[PDB]
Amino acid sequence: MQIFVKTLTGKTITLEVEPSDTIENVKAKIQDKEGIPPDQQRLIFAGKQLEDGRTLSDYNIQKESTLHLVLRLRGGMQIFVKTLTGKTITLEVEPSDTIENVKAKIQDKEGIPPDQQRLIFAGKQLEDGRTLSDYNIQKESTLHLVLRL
């Protein structure tokens, strides 16, 4: 019995499996071939994220089925703030946070009063009271901090 895995490079690997092989077992096989650890794997079949403890047969995964591998990451929503002198601050934020909130977080880390902070995103200077969501600031976006002293 063989199934196919569409890997993270774009390629497709073949795995020799058995109907009762768990998803956990499949993740091990992938880690052997692609060298990515099971904790990092999310396996998608026919629109369904697959569960570690269940078997191929529980999911009716038949010969020649194609599993899609997706990278799995873990961490609170973060953004970066670059300084005049190239230090990068990492911040834990939420989509609803206002720029006011973000300035309070900068004061927390670096001790700069909010009223001395100017924050820029995609060349655009941000206004407090508007949220990160309004500006389309996503996880791992980068803000630039400028100071009115």
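The first residue of the shown sequence is 1; numbering continues from there.
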Practice problem: Would you tell me which stretch averages the higher CA B-factor in the PDB entry, 59-67 or 84-92? | Solution: 84-92
Practice problem: Classify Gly111 as lowest, middle or highest third according to the C-alpha B-factor given in the PDB entry, relative to its own chain. | Solution: highest
Quiz prompt | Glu34, C-alpha B-factor rank within chain (lowest, middle or highest third) | solution = highest
Quiz item: If you rank every modelled residue in this chain by C-alpha B factor, which third holds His144: lowest, middle or highest?
Solution: middle
Practice problem: Relative to the other modelled residues of the same chain, rank the CA B-factor of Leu126 and answer lowest, middle or highest third. | Solution: highest
